[PDB]
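This report refers to the structure that appears directly beneath it.
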Number of protein chains: 2
Amino acid sequence: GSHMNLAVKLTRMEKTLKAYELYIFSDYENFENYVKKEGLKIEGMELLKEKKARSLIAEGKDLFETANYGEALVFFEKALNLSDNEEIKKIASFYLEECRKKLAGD
Amino acid sequence: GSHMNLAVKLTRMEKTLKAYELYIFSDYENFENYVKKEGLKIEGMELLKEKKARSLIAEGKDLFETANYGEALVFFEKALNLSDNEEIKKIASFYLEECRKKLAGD
């Protein structure tokens with residue numbers, strides 16, 4: 001040609017580097033906000049969502065353990081909505097039901 | 001005319017993408033080895049080893065809280081060996097012992 005016409009490719013790649021940098025150097029929320037708004041497909045995203053969902057379950061569990069069932073419920077539902085990972089689903093669903101039991105006075 | 005420097009940039013960015021992927025999803029040693037081999041200049045390189053140790057502690061702790069003690073053991077031992085920080089090693093050691101108690105049936 002000898003034009004390579006790489007600009008579109010490189011600007012996508014720049015954004016995916018920026019996404020990885022947000023994951024490494026910033027909060028999960030900053031990372032996912034950027035990925036969502038730039039519409040990026042990040043390889044291994046599911047693993048990252050699973051890890052964050054697991055962190056949310058842990059937060060809920062600590063709230064559950066202080067009998068803040070209402071607040072705990074919020075975290076389990078968040079975890080459920082964040083990751084479609086099968087273990088996350090089962091564990092979050094378990095704890096969600098435990099909250100519901102306590103909330104019903106059972 | 002064409003801009004071959006953008007193609008060079010492409011090669012650099014592909015490598016940098018792979019580096020970040022190794023950092024996030026693989027062991028620090030693999031990331032280190034790849035960066036050295038490719039002579040990449042990663043921004044914040046000197047920060048990453050301790051950051052990795054910390055993320056391993058966090059991920060290990062969330063596995064611990066979801067009662068995956070066998071899985072968590074791996075994260076804690078890796079963090080124990082990767083960190084150069086005595087406080088971080090105390091955290092890792094504490095959880096490692098708890099995981100071992102779980103493997104033993106307490």
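In the structure tokens, each chain is lettered A, B, ... as it comes, each chain's residues begin at 1, and ligands are numbered from 1 in order of appearance.
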
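Between chain B and its sequence-identical counterpart chain A, the C-alpha RMSD after optimal superposition is 6.1 Å.
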
Which residues are close to residue 75 of chain B, i.e. within 9 Å by only C-alpha atoms, leaving aside same-chain residues fewer than 6 positions away? Reply as a tab-separated table (two decimals) with N, CA and C atoms, in the first residue's frame.
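Saved file around.tsv follows:
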```tsv
chain	number	residue	atom	x	y	z
B	53	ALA	N	0.91	-9.34	46.03
B	53	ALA	CA	0.84	-10.02	47.32
B	53	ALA	C	-0.42	-9.63	48.03
B	56	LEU	N	-3.50	-11.18	46.42
B	56	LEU	CA	-3.56	-12.60	46.78
B	56	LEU	C	-4.12	-12.79	48.19
B	57	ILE	N	-3.74	-11.90	49.11
B	57	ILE	CA	-4.30	-11.95	50.45
B	57	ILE	C	-5.82	-11.73	50.39
B	58	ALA	N	-6.25	-10.73	49.62
B	58	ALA	CA	-7.67	-10.39	49.56
B	58	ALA	C	-8.45	-11.55	48.95
B	59	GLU	N	-7.98	-12.06	47.82
B	59	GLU	CA	-8.66	-13.18	47.14
B	59	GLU	C	-8.66	-14.45	48.00
B	60	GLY	N	-7.54	-14.72	48.68
B	60	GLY	CA	-7.45	-15.85	49.59
B	60	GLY	C	-8.43	-15.69	50.73
B	61	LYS	N	-8.54	-14.48	51.27
B	61	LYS	CA	-9.46	-14.24	52.37
B	61	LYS	C	-10.90	-14.47	51.91
B	63	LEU	N	-11.97	-16.49	49.57
B	63	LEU	CA	-12.12	-17.94	49.49
B	63	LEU	C	-12.27	-18.54	50.86
B	92	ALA	N	-0.76	-13.39	56.11
B	92	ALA	CA	-0.73	-14.64	55.33
B	92	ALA	C	-0.53	-15.86	56.22
B	96	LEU	N	-3.06	-18.93	56.75
B	96	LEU	CA	-2.49	-20.22	56.36
B	96	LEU	C	-2.71	-21.22	57.48
```

Handout entry: DSSP helix (DSSP H, G or I) residues within chain B, as a PyMOL selection string
Key = chain B and resi 4-25+28-38+45-65+69-82+86-103

Report as an mmCIF file with N, CA, C and O atoms, in the first residue's frame all protein, DNA and RNA residues lying within 9 Å of segment 10-25 of chain B, evaluated on only C-alpha atoms, omitting residues in the same chain fewer than 2 positions from it.
```cif
data_model
loop_
_atom_site.group_PDB
_atom_site.id
_atom_site.type_symbol
_atom_site.label_atom_id
_atom_site.label_comp_id
_atom_site.auth_asym_id
_atom_site.auth_seq_id
_atom_site.Cartn_x
_atom_site.Cartn_y
_atom_site.Cartn_z
ATOM 1 N N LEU A 6 -4.176 1.276 10.952
ATOM 2 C CA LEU A 6 -4.256 0.678 12.304
ATOM 3 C C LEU A 6 -4.932 1.507 13.391
ATOM 4 O O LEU A 6 -5.091 1.026 14.510
ATOM 5 N N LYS A 9 -7.808 -0.055 15.435
ATOM 6 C CA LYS A 9 -7.244 -1.135 16.212
ATOM 7 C C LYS A 9 -6.475 -0.594 17.427
ATOM 8 O O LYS A 9 -6.627 -1.075 18.541
ATOM 9 N N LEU A 10 -5.641 0.403 17.195
ATOM 10 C CA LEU A 10 -4.801 0.903 18.272
ATOM 11 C C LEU A 10 -5.607 1.639 19.307
ATOM 12 O O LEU A 10 -5.281 1.550 20.484
ATOM 13 N N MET A 13 -7.038 -0.931 21.494
ATOM 14 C CA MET A 13 -5.988 -1.516 22.308
ATOM 15 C C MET A 13 -5.583 -0.570 23.420
ATOM 16 O O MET A 13 -5.271 -1.023 24.503
ATOM 17 N N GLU A 14 -5.587 0.735 23.146
ATOM 18 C CA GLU A 14 -5.223 1.699 24.190
ATOM 19 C C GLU A 14 -6.189 1.623 25.353
ATOM 20 O O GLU A 14 -5.770 1.697 26.521
ATOM 21 N N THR A 16 -8.039 -0.979 26.118
ATOM 22 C CA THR A 16 -7.922 -2.209 26.887
ATOM 23 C C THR A 16 -6.723 -2.184 27.823
ATOM 24 O O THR A 16 -6.830 -2.652 28.937
ATOM 25 N N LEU A 17 -5.629 -1.546 27.422
ATOM 26 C CA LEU A 17 -4.537 -1.312 28.365
ATOM 27 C C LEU A 17 -5.001 -0.446 29.536
ATOM 28 O O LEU A 17 -4.737 -0.787 30.686
ATOM 29 N N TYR A 20 -6.978 -2.529 31.970
ATOM 30 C CA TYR A 20 -6.118 -3.389 32.798
ATOM 31 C C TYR A 20 -5.423 -2.542 33.860
ATOM 32 O O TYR A 20 -5.272 -2.961 35.003
ATOM 33 N N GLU A 21 -5.004 -1.330 33.488
ATOM 34 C CA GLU A 21 -4.376 -0.452 34.465
ATOM 35 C C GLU A 21 -5.342 -0.042 35.582
ATOM 36 O O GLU A 21 -4.950 0.024 36.735
ATOM 37 N N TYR A 23 -7.818 -1.893 36.610
ATOM 38 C CA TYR A 23 -7.978 -3.071 37.460
ATOM 39 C C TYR A 23 -6.834 -3.199 38.454
ATOM 40 O O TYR A 23 -7.068 -3.545 39.616
ATOM 41 N N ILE A 24 -5.617 -2.905 38.011
ATOM 42 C CA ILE A 24 -4.403 -3.111 38.828
ATOM 43 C C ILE A 24 -4.244 -1.989 39.840
ATOM 44 O O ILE A 24 -3.947 -2.223 41.032
ATOM 45 N N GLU A 43 -10.719 -10.252 28.159
ATOM 46 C CA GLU A 43 -10.551 -11.688 28.337
ATOM 47 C C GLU A 43 -10.316 -11.991 29.819
ATOM 48 O O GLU A 43 -9.518 -11.320 30.479
ATOM 49 N N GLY A 44 -11.052 -12.971 30.334
ATOM 50 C CA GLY A 44 -10.975 -13.317 31.749
ATOM 51 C C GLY A 44 -11.881 -12.471 32.624
ATOM 52 O O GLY A 44 -11.851 -12.602 33.858
ATOM 53 N N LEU A 47 -13.684 -14.154 35.433
ATOM 54 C CA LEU A 47 -12.900 -14.497 36.631
ATOM 55 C C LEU A 47 -12.839 -13.288 37.541
ATOM 56 O O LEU A 47 -12.924 -13.395 38.764
ATOM 57 N N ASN B 5 5.473 3.353 12.146
ATOM 58 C CA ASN B 5 5.683 3.468 13.593
ATOM 59 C C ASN B 5 4.432 3.011 14.362
ATOM 60 O O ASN B 5 4.543 2.583 15.497
ATOM 61 N N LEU B 6 3.255 3.123 13.742
ATOM 62 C CA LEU B 6 2.008 2.650 14.384
ATOM 63 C C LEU B 6 1.926 1.131 14.454
ATOM 64 O O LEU B 6 1.335 0.549 15.383
ATOM 65 N N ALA B 7 2.540 0.486 13.473
ATOM 66 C CA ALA B 7 2.663 -0.957 13.500
ATOM 67 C C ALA B 7 3.661 -1.371 14.576
ATOM 68 O O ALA B 7 3.460 -2.383 15.232
ATOM 69 N N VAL B 8 4.725 -0.586 14.763
ATOM 70 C CA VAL B 8 5.690 -0.897 15.833
ATOM 71 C C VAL B 8 4.960 -0.754 17.158
ATOM 72 O O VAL B 8 5.044 -1.622 18.020
ATOM 73 N N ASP B 27 0.994 -16.107 37.840
ATOM 74 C CA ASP B 27 1.842 -15.844 38.988
ATOM 75 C C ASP B 27 2.798 -14.724 38.654
ATOM 76 O O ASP B 27 3.179 -14.581 37.496
ATOM 77 N N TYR B 28 3.230 -13.990 39.675
ATOM 78 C CA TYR B 28 4.111 -12.859 39.480
ATOM 79 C C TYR B 28 5.372 -13.263 38.718
ATOM 80 O O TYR B 28 5.856 -12.515 37.859
ATOM 81 N N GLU B 29 5.888 -14.444 39.026
ATOM 82 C CA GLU B 29 7.122 -14.901 38.412
ATOM 83 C C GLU B 29 6.976 -14.963 36.896
ATOM 84 O O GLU B 29 7.879 -14.543 36.167
ATOM 85 N N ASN B 30 5.822 -15.430 36.415
ATOM 86 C CA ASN B 30 5.593 -15.518 34.967
ATOM 87 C C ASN B 30 5.552 -14.137 34.336
ATOM 88 O O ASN B 30 6.102 -13.909 33.250
ATOM 89 N N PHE B 31 4.912 -13.215 35.041
ATOM 90 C CA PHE B 31 4.828 -11.836 34.595
ATOM 91 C C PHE B 31 6.220 -11.225 34.505
ATOM 92 O O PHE B 31 6.586 -10.661 33.475
ATOM 93 N N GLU B 32 6.993 -11.359 35.580
ATOM 94 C CA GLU B 32 8.369 -10.890 35.629
ATOM 95 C C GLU B 32 9.169 -11.435 34.482
ATOM 96 O O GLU B 32 9.860 -10.689 33.778
ATOM 97 N N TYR B 34 8.326 -12.655 31.601
ATOM 98 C CA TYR B 34 7.876 -12.173 30.303
ATOM 99 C C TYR B 34 8.303 -10.740 30.047
ATOM 100 O O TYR B 34 8.728 -10.418 28.941
ATOM 101 N N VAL B 35 8.148 -9.883 31.058
ATOM 102 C CA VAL B 35 8.581 -8.491 30.975
ATOM 103 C C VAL B 35 10.080 -8.426 30.658
ATOM 104 O O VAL B 35 10.502 -7.656 29.787
ATOM 105 N N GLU B 38 10.878 -9.703 27.004
ATOM 106 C CA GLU B 38 10.416 -8.788 25.967
ATOM 107 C C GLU B 38 10.946 -7.380 26.164
ATOM 108 O O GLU B 38 10.703 -6.504 25.330
ATOM 109 N N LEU B 40 10.024 -5.085 28.208
ATOM 110 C CA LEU B 40 8.953 -4.117 28.315
ATOM 111 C C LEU B 40 9.211 -3.162 29.471
ATOM 112 O O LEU B 40 9.813 -3.537 30.481
ATOM 113 N N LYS B 41 8.739 -1.931 29.316
ATOM 114 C CA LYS B 41 8.883 -0.911 30.349
ATOM 115 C C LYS B 41 7.508 -0.606 30.936
ATOM 116 O O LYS B 41 6.837 0.342 30.515
ATOM 117 N N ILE B 42 7.088 -1.415 31.914
ATOM 118 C CA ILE B 42 5.761 -1.292 32.507
ATOM 119 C C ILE B 42 5.722 -0.150 33.506
ATOM 120 O O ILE B 42 6.515 -0.111 34.436
ATOM 121 N N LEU B 48 4.355 -3.408 41.586
ATOM 122 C CA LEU B 48 3.429 -4.483 41.255
ATOM 123 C C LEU B 48 3.577 -5.711 42.122
ATOM 124 O O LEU B 48 2.599 -6.408 42.379
ATOM 125 N N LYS B 52 0.496 -7.344 44.087
ATOM 126 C CA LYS B 52 0.091 -8.740 43.808
ATOM 127 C C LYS B 52 -0.048 -9.506 45.123
ATOM 128 O O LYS B 52 -1.031 -10.214 45.320
#
```

With chain B as the partner and 6 Å as the cut-off, tabulate the residues of chain A that qualify, each row holding the nearest pair of atoms and their distance in Å to one decimal, using only C-alpha atoms, sorted by chain and rising number, as JSON lines.
```
{"residue": "A:2", "atom": "CA", "partner": "B:2", "partner_atom": "CA", "distance": 5.6}
{"residue": "A:3", "atom": "CA", "partner": "B:2", "partner_atom": "CA", "distance": 4.6}
{"residue": "A:54", "atom": "CA", "partner": "B:62", "partner_atom": "CA", "distance": 5.9}
{"residue": "A:55", "atom": "CA", "partner": "B:62", "partner_atom": "CA", "distance": 5.5}
{"residue": "A:58", "atom": "CA", "partner": "B:65", "partner_atom": "CA", "distance": 5.9}
```

Handout entry: Non-local contacts of residue 105 of chain A (12 Å; only C-alpha atoms; under 6 positions in same chain excluded) as a list in words
Key = residues 67, 69, 98 and 99 of chain A

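Note that atom CA of residue 74 of chain B and atom CA of residue 97 of chain B are 12.0 Å apart.
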